[PDB]
Amino acid sequence: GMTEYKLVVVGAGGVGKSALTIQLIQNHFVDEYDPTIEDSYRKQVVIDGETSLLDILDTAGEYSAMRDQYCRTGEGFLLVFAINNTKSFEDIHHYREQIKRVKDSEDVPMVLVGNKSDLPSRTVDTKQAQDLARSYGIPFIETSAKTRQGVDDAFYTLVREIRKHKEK
Ligand SMILES: Nc1nc2c(ncn2[C@@H]2O[C@H](COP(=O)(O)OP(=O)(O)O)[C@@H](O)[C@H]2O)c(=O)[nH]1
Ligand SMILES: *SCCCNC(=O)c1cnn(-c2ccc(OC)cc2)c1C(F)(F)F
Ligand SMILES: [Mg+2]
């Protein structure tokens, strides 16, 4: 059989939300994608042997109508920052707090994603990010949309978090 999952990719503009999404759906790094495009994209993958239809909202900086739909009904959220942009890391909590204010339950599947791991000019270190993730009770995954490192882990881990929540 199959299962469908509604995922929402959030975070500051310029962190690589579109690049991560396009790696997952098209299997390559697209380095120029209009920063203002906010849209949903469907992709079928196989996760732990199960056909999984992912319905992914890639959010822009600006806020489209779909955004409220997917905030309301979204089953899991990728909180994305870039490891070379401290401001994007500091923005994470605003997004997490808003998701929590919208939802009824406090147990909302989320993964913290630190993107652009290929760049040498790091300003947020993995210890800082793991400490934030631990304070939220969620996984931290380091990614490079450019090389694909960690990208599949980030999305598949989020699906696994959703599955755990659905079992309750
Ligand atoms: N080096 C590197 N550049 C990236 C990575 N992900 C995104 N970019 C670049 O970062 C900028 C913003 O990416 P984009 O996908 O448009 O971010 P969004 O605004 O979060 O959707 C673009 O210039 C991308 O080429 C990455 O993992 N590594
Ligand atoms: S699914 C819920 C998320 C959708 N996006 C927002 O709600 C949003 C848009 N802008 N912000 C935001 C950014 C920075 C800030 O302080 C510097 C406050 C708000 C958000 C929010 F973070 F609230 F989610
Ligand atoms: Mg984008």
# chains A, B, ... in the order shown; residues from 1 in each chain; ligands from 1

call {"tool": "closest_atom_pairs", "arguments": {"of": "chain A", "to": "ligand 3", "cutoff": "10 Å", "atoms": "only C-alpha atoms and all ligand atoms", "output": "CSV"}}
result
residue,atom,partner,partner_atom_place_in_ligand_line,distance
A:9,CA,ligand 3,1 (Mg),9.6
A:10,CA,ligand 3,1 (Mg),9.7
A:11,CA,ligand 3,1 (Mg),9.9
A:12,CA,ligand 3,1 (Mg),9.5
A:13,CA,ligand 3,1 (Mg),6.8
A:14,CA,ligand 3,1 (Mg),7.0
A:15,CA,ligand 3,1 (Mg),8.2
A:16,CA,ligand 3,1 (Mg),6.7
A:17,CA,ligand 3,1 (Mg),5.4
A:18,CA,ligand 3,1 (Mg),4.1
A:19,CA,ligand 3,1 (Mg),7.2
A:20,CA,ligand 3,1 (Mg),9.2
A:21,CA,ligand 3,1 (Mg),8.8
A:22,CA,ligand 3,1 (Mg),9.7
A:32,CA,ligand 3,1 (Mg),9.2
A:33,CA,ligand 3,1 (Mg),6.4
A:34,CA,ligand 3,1 (Mg),6.3
A:35,CA,ligand 3,1 (Mg),4.4
A:36,CA,ligand 3,1 (Mg),6.4
A:37,CA,ligand 3,1 (Mg),6.0
A:38,CA,ligand 3,1 (Mg),6.8
A:39,CA,ligand 3,1 (Mg),9.1
A:58,CA,ligand 3,1 (Mg),6.6
A:59,CA,ligand 3,1 (Mg),6.4
A:60,CA,ligand 3,1 (Mg),5.1
A:61,CA,ligand 3,1 (Mg),7.6

call {"tool": "write_last_selection", "arguments": {"atoms": "N, CA, C and O atoms", "output": "mmCIF file, in the first residue's frame"}}
result
data_model
loop_
_atom_site.group_PDB
_atom_site.id
_atom_site.type_symbol
_atom_site.label_atom_id
_atom_site.label_comp_id
_atom_site.auth_asym_id
_atom_site.auth_seq_id
_atom_site.Cartn_x
_atom_site.Cartn_y
_atom_site.Cartn_z
ATOM 1 N N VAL A 9 8.100 23.072 4.673
ATOM 2 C CA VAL A 9 9.492 23.496 4.787
ATOM 3 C C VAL A 9 9.480 24.986 5.092
ATOM 4 O O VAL A 9 9.011 25.785 4.276
ATOM 5 N N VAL A 10 10.012 25.361 6.266
ATOM 6 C CA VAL A 10 9.946 26.730 6.759
ATOM 7 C C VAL A 10 11.320 27.213 7.192
ATOM 8 O O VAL A 10 12.248 26.427 7.397
ATOM 9 N N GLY A 11 11.436 28.534 7.322
ATOM 10 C CA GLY A 11 12.691 29.159 7.695
ATOM 11 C C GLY A 11 12.918 30.443 6.928
ATOM 12 O O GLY A 11 12.145 30.768 6.019
ATOM 13 N N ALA A 12 13.951 31.191 7.313
ATOM 14 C CA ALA A 12 14.287 32.432 6.635
ATOM 15 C C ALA A 12 14.499 32.213 5.144
ATOM 16 O O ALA A 12 14.937 31.155 4.681
ATOM 17 N N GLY A 13 14.182 33.253 4.373
ATOM 18 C CA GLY A 13 14.563 33.254 2.981
ATOM 19 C C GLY A 13 16.066 33.100 2.832
ATOM 20 O O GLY A 13 16.850 33.662 3.601
ATOM 21 N N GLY A 14 16.465 32.338 1.817
ATOM 22 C CA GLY A 14 17.859 32.240 1.442
ATOM 23 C C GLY A 14 18.612 31.103 2.094
ATOM 24 O O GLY A 14 19.823 30.977 1.877
ATOM 25 N N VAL A 15 17.934 30.250 2.861
ATOM 26 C CA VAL A 15 18.615 29.168 3.567
ATOM 27 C C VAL A 15 18.754 27.899 2.735
ATOM 28 O O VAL A 15 19.582 27.039 3.077
ATOM 29 N N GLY A 16 18.004 27.774 1.653
ATOM 30 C CA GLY A 16 18.017 26.589 0.826
ATOM 31 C C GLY A 16 16.770 25.738 0.878
ATOM 32 O O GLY A 16 16.856 24.540 0.531
ATOM 33 N N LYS A 17 15.630 26.291 1.286
ATOM 34 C CA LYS A 17 14.390 25.514 1.301
ATOM 35 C C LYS A 17 14.066 24.970 -0.088
ATOM 36 O O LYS A 17 13.778 23.776 -0.252
ATOM 37 N N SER A 18 14.095 25.840 -1.102
ATOM 38 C CA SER A 18 13.809 25.387 -2.454
ATOM 39 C C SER A 18 14.869 24.408 -2.938
ATOM 40 O O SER A 18 14.544 23.395 -3.556
ATOM 41 N N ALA A 19 16.146 24.693 -2.689
ATOM 42 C CA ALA A 19 17.186 23.769 -3.147
ATOM 43 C C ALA A 19 17.023 22.380 -2.527
ATOM 44 O O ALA A 19 17.202 21.361 -3.206
ATOM 45 N N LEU A 20 16.651 22.319 -1.242
ATOM 46 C CA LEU A 20 16.422 21.036 -0.583
ATOM 47 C C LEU A 20 15.229 20.320 -1.203
ATOM 48 O O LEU A 20 15.293 19.119 -1.526
ATOM 49 N N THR A 21 14.134 21.061 -1.385
ATOM 50 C CA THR A 21 12.933 20.472 -1.970
ATOM 51 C C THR A 21 13.200 19.955 -3.380
ATOM 52 O O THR A 21 12.791 18.845 -3.743
ATOM 53 N N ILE A 22 13.889 20.747 -4.197
ATOM 54 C CA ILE A 22 14.144 20.379 -5.583
ATOM 55 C C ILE A 22 15.121 19.216 -5.660
ATOM 56 O O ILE A 22 15.002 18.372 -6.545
ATOM 57 N N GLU A 32 19.599 28.325 -8.774
ATOM 58 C CA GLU A 32 18.852 29.560 -8.961
ATOM 59 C C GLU A 32 17.386 29.192 -9.092
ATOM 60 O O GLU A 32 16.968 28.632 -10.113
ATOM 61 N N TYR A 33 16.616 29.503 -8.053
ATOM 62 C CA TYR A 33 15.183 29.279 -8.064
ATOM 63 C C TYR A 33 14.518 30.467 -7.396
ATOM 64 O O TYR A 33 14.799 30.756 -6.231
ATOM 65 N N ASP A 34 13.649 31.138 -8.132
ATOM 66 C CA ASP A 34 13.024 32.381 -7.704
ATOM 67 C C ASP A 34 12.744 32.364 -6.205
ATOM 68 O O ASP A 34 11.944 31.545 -5.733
ATOM 69 N N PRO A 35 13.393 33.235 -5.425
ATOM 70 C CA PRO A 35 13.135 33.269 -3.973
ATOM 71 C C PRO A 35 11.696 33.549 -3.594
ATOM 72 O O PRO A 35 11.318 33.301 -2.443
ATOM 73 N N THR A 36 10.887 34.090 -4.497
ATOM 74 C CA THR A 36 9.523 34.448 -4.138
ATOM 75 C C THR A 36 8.521 33.348 -4.447
ATOM 76 O O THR A 36 7.346 33.495 -4.095
ATOM 77 N N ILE A 37 8.940 32.250 -5.073
ATOM 78 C CA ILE A 37 7.986 31.197 -5.410
ATOM 79 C C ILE A 37 7.683 30.376 -4.170
ATOM 80 O O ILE A 37 8.568 29.729 -3.606
ATOM 81 N N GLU A 38 6.424 30.387 -3.761
ATOM 82 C CA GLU A 38 5.912 29.524 -2.710
ATOM 83 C C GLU A 38 4.891 28.594 -3.343
ATOM 84 O O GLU A 38 3.943 29.058 -3.996
ATOM 85 N N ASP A 39 5.112 27.286 -3.212
ATOM 86 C CA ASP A 39 4.230 26.338 -3.889
ATOM 87 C C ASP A 39 4.383 24.975 -3.236
ATOM 88 O O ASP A 39 5.325 24.726 -2.483
ATOM 89 N N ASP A 58 6.878 24.317 -0.086
ATOM 90 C CA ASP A 58 8.132 25.044 -0.054
ATOM 91 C C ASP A 58 7.752 26.511 0.130
ATOM 92 O O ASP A 58 7.166 27.133 -0.771
ATOM 93 N N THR A 59 8.018 27.038 1.322
ATOM 94 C CA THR A 59 7.608 28.402 1.631
ATOM 95 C C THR A 59 8.657 29.417 1.208
ATOM 96 O O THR A 59 9.856 29.145 1.239
ATOM 97 N N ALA A 60 8.188 30.601 0.834
ATOM 98 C CA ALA A 60 9.073 31.678 0.409
ATOM 99 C C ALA A 60 9.410 32.541 1.620
ATOM 100 O O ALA A 60 9.294 32.095 2.767
ATOM 101 N N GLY A 61 9.831 33.771 1.377
ATOM 102 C CA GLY A 61 10.063 34.709 2.450
ATOM 103 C C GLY A 61 8.734 35.035 3.091
ATOM 104 O O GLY A 61 8.674 35.811 4.047
#

call {"tool": "residues_around", "arguments": {"residues": "residue 157 of chain A", "least_positions_apart": "5", "cutoff": "10 Å", "atoms": "only C-alpha atoms", "output": "PyMOL selection string"}}
result
chain A and resi 47+109-111+139-141+151-152+162-163

call {"tool": "residues_near_ligand", "arguments": {"ligand": "ligand 2", "cutoff": "6 Å", "atoms": "only C-alpha atoms and all ligand atoms", "output": "list in words"}}
result
residues 71, 91, 94, 95, 98 and 99 of chain A

call {"tool": "closest_residue", "arguments": {"among": "A:105, A:149, A:51, A:84", "to": "residue 165 of chain A", "atoms": "only C-alpha atoms"}}
result
A:105

call {"tool": "closest_residue", "arguments": {"among": "A:54, A:78, A:66, A:112", "to": "residue 135 of chain A", "atoms": "only C-alpha atoms"}}
result
A:112

call {"tool": "select_by_dssp", "arguments": {"residues": "chain A", "states": "strand (DSSP E)", "output": "PDB file with C-alpha atoms, in the first residue's frame"}}
result
ATOM      1  CA  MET A   2       0.969   3.654   0.300  1.00  0.00           C
ATOM      2  CA  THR A   3       0.796   6.505   2.757  1.00  0.00           C
ATOM      3  CA  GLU A   4       0.652  10.211   2.010  1.00  0.00           C
ATOM      4  CA  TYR A   5       2.375  12.789   4.239  1.00  0.00           C
ATOM      5  CA  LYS A   6       1.930  16.571   4.231  1.00  0.00           C
ATOM      6  CA  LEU A   7       5.244  18.304   4.901  1.00  0.00           C
ATOM      7  CA  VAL A   8       6.027  21.988   5.308  1.00  0.00           C
ATOM      8  CA  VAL A   9       9.492  23.496   4.787  1.00  0.00           C
ATOM      9  CA  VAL A  10       9.946  26.730   6.759  1.00  0.00           C
ATOM     10  CA  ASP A  39       4.230  26.338  -3.889  1.00  0.00           C
ATOM     11  CA  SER A  40       3.531  22.705  -3.095  1.00  0.00           C
ATOM     12  CA  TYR A  41       5.247  19.814  -4.881  1.00  0.00           C
ATOM     13  CA  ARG A  42       4.368  16.122  -4.772  1.00  0.00           C
ATOM     14  CA  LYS A  43       6.980  13.384  -4.858  1.00  0.00           C
ATOM     15  CA  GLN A  44       6.653   9.629  -4.416  1.00  0.00           C
ATOM     16  CA  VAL A  45       9.535   7.912  -2.583  1.00  0.00           C
ATOM     17  CA  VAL A  46      10.025   4.618  -0.717  1.00  0.00           C
ATOM     18  CA  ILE A  47      10.697   4.846   3.016  1.00  0.00           C
ATOM     19  CA  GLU A  50       6.623   1.704   2.077  1.00  0.00           C
ATOM     20  CA  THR A  51       5.587   3.805  -0.906  1.00  0.00           C
ATOM     21  CA  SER A  52       5.305   7.325   0.504  1.00  0.00           C
ATOM     22  CA  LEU A  53       3.628  10.218  -1.315  1.00  0.00           C
ATOM     23  CA  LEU A  54       5.083  13.464   0.000  1.00  0.00           C
ATOM     24  CA  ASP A  55       3.039  16.659  -0.445  1.00  0.00           C
ATOM     25  CA  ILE A  56       5.622  19.350   0.332  1.00  0.00           C
ATOM     26  CA  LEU A  57       4.989  23.069   0.751  1.00  0.00           C
ATOM     27  CA  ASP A  58       8.132  25.044  -0.054  1.00  0.00           C
ATOM     28  CA  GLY A  76       5.510  17.593   9.810  1.00  0.00           C
ATOM     29  CA  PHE A  77       7.756  20.619   9.546  1.00  0.00           C
ATOM     30  CA  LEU A  78      11.375  21.076   8.480  1.00  0.00           C
ATOM     31  CA  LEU A  79      12.817  24.063  10.335  1.00  0.00           C
ATOM     32  CA  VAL A  80      15.651  25.109   8.025  1.00  0.00           C
ATOM     33  CA  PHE A  81      18.560  27.433   8.682  1.00  0.00           C
ATOM     34  CA  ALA A  82      21.921  27.849   6.962  1.00  0.00           C
ATOM     35  CA  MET A 110       9.572  18.607  13.320  1.00  0.00           C
ATOM     36  CA  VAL A 111      13.203  18.258  12.250  1.00  0.00           C
ATOM     37  CA  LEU A 112      15.833  20.997  12.619  1.00  0.00           C
ATOM     38  CA  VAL A 113      17.871  21.206   9.396  1.00  0.00           C
ATOM     39  CA  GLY A 114      21.192  23.019   9.180  1.00  0.00           C
ATOM     40  CA  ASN A 115      21.837  23.473   5.459  1.00  0.00           C
ATOM     41  CA  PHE A 140      18.913  17.799  14.105  1.00  0.00           C
ATOM     42  CA  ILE A 141      20.180  16.921  10.606  1.00  0.00           C
ATOM     43  CA  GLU A 142      22.985  18.704   8.749  1.00  0.00           C
TER      44      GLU A 142
END

call {"tool": "decode", "arguments": {"residues": "segment 32-54 of chain A", "atoms": "N, CA, C and O atoms", "output": "tab-separated table (two decimals), in the first residue's frame"}}
result
chain	number	residue	atom	x	y	z
A	32	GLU	N	19.60	28.32	-8.77
A	32	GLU	CA	18.85	29.56	-8.96
A	32	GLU	C	17.39	29.19	-9.09
A	32	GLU	O	16.97	28.63	-10.11
A	33	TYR	N	16.62	29.50	-8.05
A	33	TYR	CA	15.18	29.28	-8.06
A	33	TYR	C	14.52	30.47	-7.40
A	33	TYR	O	14.80	30.76	-6.23
A	34	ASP	N	13.65	31.14	-8.13
A	34	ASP	CA	13.02	32.38	-7.70
A	34	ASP	C	12.74	32.36	-6.21
A	34	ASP	O	11.94	31.55	-5.73
A	35	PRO	N	13.39	33.24	-5.42
A	35	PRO	CA	13.14	33.27	-3.97
A	35	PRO	C	11.70	33.55	-3.59
A	35	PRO	O	11.32	33.30	-2.44
A	36	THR	N	10.89	34.09	-4.50
A	36	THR	CA	9.52	34.45	-4.14
A	36	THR	C	8.52	33.35	-4.45
A	36	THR	O	7.35	33.50	-4.09
A	37	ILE	N	8.94	32.25	-5.07
A	37	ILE	CA	7.99	31.20	-5.41
A	37	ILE	C	7.68	30.38	-4.17
A	37	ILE	O	8.57	29.73	-3.61
A	38	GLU	N	6.42	30.39	-3.76
A	38	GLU	CA	5.91	29.52	-2.71
A	38	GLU	C	4.89	28.59	-3.34
A	38	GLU	O	3.94	29.06	-4.00
A	39	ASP	N	5.11	27.29	-3.21
A	39	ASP	CA	4.23	26.34	-3.89
A	39	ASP	C	4.38	24.98	-3.24
A	39	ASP	O	5.32	24.73	-2.48
A	40	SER	N	3.44	24.09	-3.52
A	40	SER	CA	3.53	22.71	-3.10
A	40	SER	C	3.92	21.81	-4.26
A	40	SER	O	3.58	22.07	-5.42
A	41	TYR	N	4.64	20.74	-3.93
A	41	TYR	CA	5.25	19.81	-4.88
A	41	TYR	C	5.04	18.41	-4.34
A	41	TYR	O	5.27	18.17	-3.15
A	42	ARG	N	4.60	17.50	-5.19
A	42	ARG	CA	4.37	16.12	-4.77
A	42	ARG	C	5.48	15.24	-5.30
A	42	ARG	O	5.93	15.39	-6.44
A	43	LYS	N	5.92	14.30	-4.47
A	43	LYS	CA	6.98	13.38	-4.86
A	43	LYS	C	6.72	12.05	-4.19
A	43	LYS	O	6.52	11.99	-2.97
A	44	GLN	N	6.74	10.97	-4.97
A	44	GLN	CA	6.65	9.63	-4.42
A	44	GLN	C	8.06	9.09	-4.17
A	44	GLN	O	8.92	9.17	-5.05
A	45	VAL	N	8.29	8.57	-2.96
A	45	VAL	CA	9.53	7.91	-2.58
A	45	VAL	C	9.19	6.60	-1.89
A	45	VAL	O	8.02	6.25	-1.77
A	46	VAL	N	10.21	5.85	-1.49
A	46	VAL	CA	10.02	4.62	-0.72
A	46	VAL	C	10.80	4.77	0.58
A	46	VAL	O	12.00	5.06	0.55
A	47	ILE	N	10.11	4.61	1.70
A	47	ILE	CA	10.70	4.85	3.02
A	47	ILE	C	10.47	3.60	3.85
A	47	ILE	O	9.32	3.22	4.10
A	48	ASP	N	11.55	2.94	4.24
A	48	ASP	CA	11.45	1.69	5.00
A	48	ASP	C	10.52	0.70	4.31
A	48	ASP	O	9.73	0.00	4.95
A	49	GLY	N	10.63	0.62	2.98
A	49	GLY	CA	9.86	-0.32	2.20
A	49	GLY	C	8.47	0.13	1.82
A	49	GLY	O	7.82	-0.56	1.01
A	50	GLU	N	7.98	1.24	2.36
A	50	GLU	CA	6.62	1.70	2.08
A	50	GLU	C	6.62	2.87	1.09
A	50	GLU	O	7.31	3.88	1.30
A	51	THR	N	5.83	2.72	0.03
A	51	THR	CA	5.59	3.80	-0.91
A	51	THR	C	5.00	4.99	-0.16
A	51	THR	O	3.98	4.85	0.53
A	52	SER	N	5.65	6.14	-0.27
A	52	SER	CA	5.30	7.33	0.50
A	52	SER	C	5.12	8.50	-0.45
A	52	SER	O	6.07	8.89	-1.14
A	53	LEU	N	3.91	9.05	-0.49
A	53	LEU	CA	3.63	10.22	-1.32
A	53	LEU	C	3.80	11.45	-0.45
A	53	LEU	O	3.04	11.66	0.50
A	54	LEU	N	4.80	12.25	-0.75
A	54	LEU	CA	5.08	13.46	0.00
A	54	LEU	C	4.45	14.65	-0.71
A	54	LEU	O	4.64	14.84	-1.92
